[PDB]
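In order, the protein sequences belong to chains B, P, C, H and A.
So the first sequence is residues 3 to 72, 90 to 270, counted in PDB author numbering.
So the second sequence is residues 774 to 843, counted in PDB author numbering.
So the third sequence is residues 422 to 562, counted in PDB author numbering.
So the fourth sequence is residues 1 to 353, counted in PDB author numbering.
So the fifth sequence is residues 26 to 233, counted in PDB author numbering.
The beta-carbon is built from N, C-alpha and C at its ideal position, and this holds for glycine as well.
Heads up: the structure comes next, in structure tokens.
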Amino acid sequence: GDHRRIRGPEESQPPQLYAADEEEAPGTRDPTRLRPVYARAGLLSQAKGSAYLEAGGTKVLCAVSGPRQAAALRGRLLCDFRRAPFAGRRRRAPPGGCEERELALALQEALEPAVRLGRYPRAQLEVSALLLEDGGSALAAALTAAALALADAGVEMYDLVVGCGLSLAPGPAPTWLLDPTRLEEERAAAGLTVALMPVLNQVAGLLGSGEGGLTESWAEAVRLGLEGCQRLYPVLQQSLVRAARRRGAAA
Amino acid sequence: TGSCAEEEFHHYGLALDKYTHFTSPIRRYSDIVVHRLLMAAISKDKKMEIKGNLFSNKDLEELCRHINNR
Amino acid sequence: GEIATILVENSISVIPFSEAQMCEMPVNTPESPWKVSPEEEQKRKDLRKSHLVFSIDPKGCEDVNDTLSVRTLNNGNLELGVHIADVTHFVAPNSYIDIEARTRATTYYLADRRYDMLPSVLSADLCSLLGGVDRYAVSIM
Amino acid sequence: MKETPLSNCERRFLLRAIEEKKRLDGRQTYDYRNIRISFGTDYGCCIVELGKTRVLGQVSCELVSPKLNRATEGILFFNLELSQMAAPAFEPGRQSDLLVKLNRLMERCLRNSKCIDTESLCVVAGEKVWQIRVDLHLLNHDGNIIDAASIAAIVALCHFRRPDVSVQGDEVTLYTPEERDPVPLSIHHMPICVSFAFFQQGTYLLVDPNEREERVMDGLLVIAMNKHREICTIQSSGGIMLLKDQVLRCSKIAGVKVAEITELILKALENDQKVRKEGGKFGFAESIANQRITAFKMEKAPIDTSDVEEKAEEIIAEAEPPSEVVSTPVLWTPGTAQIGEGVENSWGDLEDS
Amino acid sequence: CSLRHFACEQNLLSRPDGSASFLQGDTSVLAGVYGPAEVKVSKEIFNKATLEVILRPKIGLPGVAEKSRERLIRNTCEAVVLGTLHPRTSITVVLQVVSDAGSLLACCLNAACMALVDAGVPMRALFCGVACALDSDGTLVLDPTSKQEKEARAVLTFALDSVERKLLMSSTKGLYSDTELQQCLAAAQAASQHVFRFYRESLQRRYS
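Structure representation (structure tokens):
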């Protein structure tokens, strides 16, 4: 198979497809609540800028490398999204995946509307994000963390990027929920993730697909996503304050 | 042998009551059996023991059916 | 082609043996041929001087089995004895020659050639009563 | 790195020669550079030297399950490869437009000619059958890589010897050279390639050209034709524009040459079998020329293994024992423990709040 | 203990600068070296050269194991090659396995040493290859064979200098204690004195 790795069995069916325990029932909640979030900046020591984001069952680590050599008059922004194999129900192929490339592009088309590349001619920035655990809304964490990393690494941006997530209940009276989990996401019909700049009041990225076809549900999904991005901001406000207080006090 | 009754031990066609070959250990296989056994007998009738077993019932019957086939 | 058909059909092998099935041979080399180790001469009871052994044998009998001997003793009576070759020293139990013999149960004969149970010099010099060289045997008496 | 460039004096020199019909190393037009074969110790391994080119061929088989469809045959991989040592230019991933035409030449010749009998390489059907896999390597590039590679593959395939099995009823068994004797293969015919080079727009041709003659030539014509009188592949390439009498002349030439080459190959294989059967010594070792300065022979040697016990004993005895400051583990809360200089506080709390 | 049949051949191939085939018994390895030549600008280093080592097996394609055994040979040649005398150039060593019969890494190191010496590369000291394989009881065997290698519980290979016989390379297979590690190191130090005699006798005869 692969000549750059250790070869094992040719085929391997995971025991979930043989799991004799039938799928359970998620439950119910209040759709006007947010999972408590803890944010830390400046984690890694050998990286120019890094951040680690954890909230509930989600574990994502983001690090930012500095500008390197090689729309010029402007600098590029390389991106790379990759998630840990030990995340989720099943294992994943190390070489890659179409899902990883789609989410990498959904990240790239969302963090460039914030930084001003008209200050780095002929240079380029590389951003790497890693998901240690998938326990809820993921794209609402790969955006917040990769923006926090950029802000702690001293690159010039117009504003931050704060993400959120939503999902649609499958009942006869569906209602959108805020910060869904895997028990509330694999049983859902549609999902929406928004990327809002809280001060400039401009939507940075949008993505959504599913079974909701009336153009009156998406207005609430969008505007509660905007309320989520305006309610997650203060924690990231005090996180960069503490990060800069410690970095400056370290001199 | 004692896997069967006396009546099934005779050599009626030659009027004997027991008949085998021993004159050919080279071109046959029951004769090497007979060689091992006769030499075991001449070596055991000294009141000692012949380490290393010789045969068993099922082994001998499958050998003799094999030899009949061949 | 017909001989080959007769072989294949009647379940008889025409494959000479392998290295480890060959190598386990008594070394009848000219620089050192076979000759009896004297402790076995002690342990046995020679008769190559005091009694006569010969054999009639079919035309082409490159490998003798049958031998006998009848003489008279210091009284006048006729001692009877039949002497059959004792080939048990070159087939050890659970050997490769022994499994081989266990497989090829019976020597097959078609009327041009024979088919040696053994390799083709182990008995076709060393076991056949020829010449007047020494030869292990078993003489009932 | 790249290869030394070609001057404008060598081109002129080769072309005045070729016009005059005399070559550098003396051999006339319709000649080969003489050949020299050498056999390994385990079966299916040989070293052929055409002139100053070298190729190493090695066959090896293995038992797999036979895909889906074609349930009563076996498969036959091939993989040519060009070794960086053949010539300076060859580079692992920068010569990808010669490898393809070479692998193709080899595969079309060997697999479409139907000389190997892949019918009788089964054990069951739908179940395990032998999958052979030839392997050739180029060691030294001096022109005419494909003639040498073809002769090498032929000899390597005509010298292999499989394992062998017993099948009766519905039961398998696998032997070994001591349990059962390895078995040869079945080879219908011997397809052997020939190459021709054309010079100054087809006006002259030269049989068996080497690498300098290869840089002063327009295009190449290869004609693979097995023994008897049966052609098996041709592939014009390079820069050539050919006539129709010339293809026939070439076919005649390849016929003659393959006759002679098959003579040589058969004689060499017979002699090798005779040597292996007499009982003499064979192998890569007993091939090194002894009338030559760069070969030396030495029988075995105990060196002196009389002292190692004493030295080891004194070394173990003569060095400082492990010390005895033992460290302590600290417990924070089940799951995490720390050893080392430690941290002052129990854990951080409200450090900045 | 006794080293088995040894053989070597030099100047086989006409295209490289120096070629050397080294076979020890049944196993054999061929090697060739191209002298200091141009190097890609993206890999060049000032005040030093750059070493490239590639090994090709007979069955399969090289994987993680063969490059992991390429690192050892490169980091072994790096300690004996005076790169400072040739900066902004490249020296490459390529080893080819022709036949395998046991103790292949030692024969590859000896092939590399003889190819570098034939190629005319500035060297600080020669190096050798010795492999040890102690059996299930402790009986040391030097330069073993794959027959003994399969049953043995531990195989060790060492590379030794040619001046004071220190240790350069060490690759070990199997589990053992330190006492027999010391005794196999001493056996290797005792064994290299004959291989170095083969080097000296071969080169003294070559310039006759």
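- Around residue 71 of chain A, the same chain offers 112 and 113 as residues with beta carbons nearer than 8 Å, after the five sequence neighbours per side are excluded.
- Using a 10 angstroms sphere on the CB of residue 234 of chain B, the tally of other CB atoms stays under 16, which defines it as exposed.
- With a cut-off of 8 Å on Cβ pairs, the stretch 112-126 of chain H is not in contact with the stretch 19-33 of chain H, counting fewer than three such pairs.
- Contact between residue 456 of chain C and residue 533 of chain C is absent: CB atoms are separated by about 35 Å, not below the 8 Å threshold.
- In this structure, the alpha-carbon of residue 133 of chain A lies about 25 Å from that of residue 281 of chain H.
- By the neighbour-count criterion, in which 16 or more other beta carbons inside 10 Å mark a residue as buried, residue 54 of chain H falls on the buried side.
- In this structure, residue 89 of chain H and residue 2 of chain H form a Cβ contact; the two beta carbons are roughly 6 Å apart against a cut-off of 8 Å.
- Just measuring C-alpha positions, the residue of C:562, C:548, C:558 and C:561 sitting nearest residue 483 of chain C is C:548.
- Judged by pairs of C-beta atoms under 8 Å, the stretch 192-209 of chain A does not touch the stretch 328-347 of chain H, as fewer than three such pairs exist.
- Contact note: residue 352 of chain H reaches chain B through 261, 264 and 265, using a C-beta cutoff of 8 Å and chain order.
- The stretch 51-65 of chain H makes contact with the stretch 136-147 of chain H; the number of CB pairs closer than 8 Å reaches 3 or more.
- Pairing residue 101 of chain A with residue 181 of chain A gives a Cβ-Cβ distance that is not under 9 Å.
- Taking C-beta separations shorter than 6 Å and ignoring five residues to either side along the sequence, the partners of residue 562 of chain C in its chain run 502, following chain order.
- One thing to note: residue 463 of chain C has its Cβ no nearer than 9 Å to the Cβ of residue 518 of chain C.
- Contact annotation for residue 48 of chain A against chain H: 284 and 285 [CB-CB distance below 8 Å, chain order].
- Linking residue 833 of chain P to residue 497 of chain C through their CA atoms gives a straight-line distance of about 45 Å.
- Around the CB of residue 220 of chain B, fewer than 16 other CB atoms lie within 10 Å, so the residue is classed as exposed.
- Here residue 804 of chain P has 794, 795, 796, 797 and 798 as same chain residues with Cβ atoms under 8 Å from its own Cβ, once five neighbours each way along the sequence are excluded.
- Judged by DSSP in its simplified three-state form, residue 59 of chain A adopts strand.
- A distance below 9 Å separates the beta carbons of residue 44 of chain H and residue 59 of chain H.
- Look at residue 176 of chain H here: in three-state DSSP terms it is coil, with no helix or strand label.
- Taking a beta-carbon distance threshold of 9 Å, residue 792 of chain P does not count as an interface residue toward chain C.
- Scanning its chain for C-beta atoms nearer than 6 Å, with the 5 sequence neighbours on each side dropped, one finds around residue 268 of chain H the residues 37, in chain order.
- Per the Cβ contact rule, the stretch 186-202 of chain B is in contact with the stretch 237-251 of chain B (3 or more Cβ pairs under 8 Å).
- For residue 240 of chain H, the three-state secondary structure derived from DSSP is coil.
- In this structure, the straight-line span from the alpha carbon of residue 192 of chain H to that of residue 235 of chain H is close to 14 Å.
- For residue 559 of chain C, the CB contacts under 6 Å within the same chain, skipping 5 residues up- and downstream, are 505 and 507 in chain order.
- Apart from sequence neighbours up to five positions away, the residues of its chain that approach residue 114 of chain H with a beta-carbon distance below 8 Å are 188, ordered along the chain.
- Nearest CB-CB separation between residue 799 of chain P and chain C: below the 9 Å threshold.
- Taking 9 Å as the CB threshold, residue 54 of chain A stays off the interface with chain B.
- Listed along chain C are 509, each with a C-beta nearer than 7 Å to that of residue 812 of chain P.
- For residue 247 of chain B, the enclosing alpha helix (DSSP H) begins and ends at 236-250.
- For residue 67 of chain B, DSSP records a beta bridge to B:145.
- Under the DSSP definition of a beta bridge, residue 90 of chain A lacks any partner.
- What residue 828 of chain P touches in chain C, judged by beta-carbon distance under 8 Å, is nothing: the nearest beta carbon there is about 10 Å away.
- Interface with chain B (9 Å Cβ-Cβ cutoff): residue 88 of chain A is included.
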